[PDB]
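Asker: Below is a structure I'd like to ask you about.
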Amino acid sequence: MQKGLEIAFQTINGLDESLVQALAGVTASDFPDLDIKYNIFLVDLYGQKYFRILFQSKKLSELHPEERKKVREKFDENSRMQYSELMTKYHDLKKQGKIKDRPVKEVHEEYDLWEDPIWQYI
Numbered sequence: 001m002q003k004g005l006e007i008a009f010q011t012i013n014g015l016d017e018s019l020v021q022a023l024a025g026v027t028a029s030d031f032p033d034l035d036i037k038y039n040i041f042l043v044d045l046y047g048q049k050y051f052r053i054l055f056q057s058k059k060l061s062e063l064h065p066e067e068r069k070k071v072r073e074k075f076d077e078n079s080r081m082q083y084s085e086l087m088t089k090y091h092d093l094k095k096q097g098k099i100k101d102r103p104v105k106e107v108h109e110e111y112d113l114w115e116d117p118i119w120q121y122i
């Protein structure tokens, strides 16, 4: 469990869709307060379309860099987690938790999203 920080995830292939939907379901279900400010949008440019997800908190502060790294590694591992746990925490979570599949937002050429972290690397 973690929050109060801004993080972005990139996905262009490698069955990443599973992680995006899985992580989105666990986070959404784990955060019933609806304080989670995340979303998933699909970008299509240069003849190539890529999927990008943006996750932001409410109490998120500009200061406290020590927290940035904490969430960075925390989310990094949680996402890289083996398929066993990735699928279990996604399906087996049906016990008490759940998952939702919201509509993907279209992305265009401009300066809005993070356009930096997901553009380079997680």
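Going by the UniProt record's numbering, 35 is the number at position 35 of the sequence shown; the sequence numbering is gapless.
Just so you know, even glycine gets a beta-carbon here, dropped at the ideal spot from N, CA and C.
Can you tell me the Cα-Cα spacing of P65 and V43, whole angstroms?
Answerer: Approximately 29 angstroms between the Cα atoms of the pair.
Asker: On a Cα-Cα basis, can you pick out the residue from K95, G25, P103 that is closest to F41?
Answerer: Closest option to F41, Cα to Cα, is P103.
Asker: Nearest-angstrom Cα distance between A8 and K70?
Answerer: Distance between the alpha carbons of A8 and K70 is about 14 angstroms.
Asker: For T11, which residues from the same chain have a beta carbon less than 6 angstroms from its beta carbon, with the 5 sequence-adjacent residues on both sides left out?
Answerer: Excluding sequence neighbours, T11 sits near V20, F51.
Asker: Find the nearest neighbour of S29 within the set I122, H108, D116, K100, judged by alpha-carbon distance.
Answerer: Comparing Cα-Cα distances from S29 to each of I122, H108, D116, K100, the minimum goes to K100.
Asker: On the criterion of 16 or more Cβ atoms from any shown chain inside 10 Å, does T88 qualify as buried, or is it exposed?
Answerer: Burial call: exposed.
Asker: Cα-Cα, which of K94, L15, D116, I118 is closest to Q82?
Answerer: Considering only alpha carbons, the answer is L15.
Asker: For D76 and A24, I'd like the C-alpha separation in whole angstroms.
Answerer: Answer to the nearest angstrom: the Cα atoms are 14 angstroms apart.
Asker: List, from N- to C-terminal side, the alpha helix (DSSP H) runs of 4 residues or more that fit wholly inside the UniProt domain "DUF2004" (1-122).
Answerer: Runs of the alpha helix (DSSP H) inside the UniProt domain "DUF2004" (1-122): 16-30, 65-80, 83-91, 117-120.
Asker: Evaluate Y111 with the Cβ neighbour count: other Cβ atoms within 10 Å of its Cβ, from every protein chain shown; 16 or more gives buried, anything less gives exposed.
Answerer: Burial call: exposed.
Asker: Measuring only the C-alpha atoms, how far is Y90 from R72?
Answerer: Rounded to the nearest angstrom, the two C-alpha atoms are 21 angstroms apart.
Asker: Please go through the same chain and pick out, in chain order, the residues whose beta-carbon is closer than 8 angstroms to the beta-carbon of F31, but skip the five residues on each side of it.
Answerer: Excluding positions up to five away in sequence, the list reads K3.
Asker: In angstroms with no decimal places, state the Cα-to-Cα distance between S18 and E109.
Answerer: Going from the Cα of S18 to the Cα of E109 covers about 26 angstroms.
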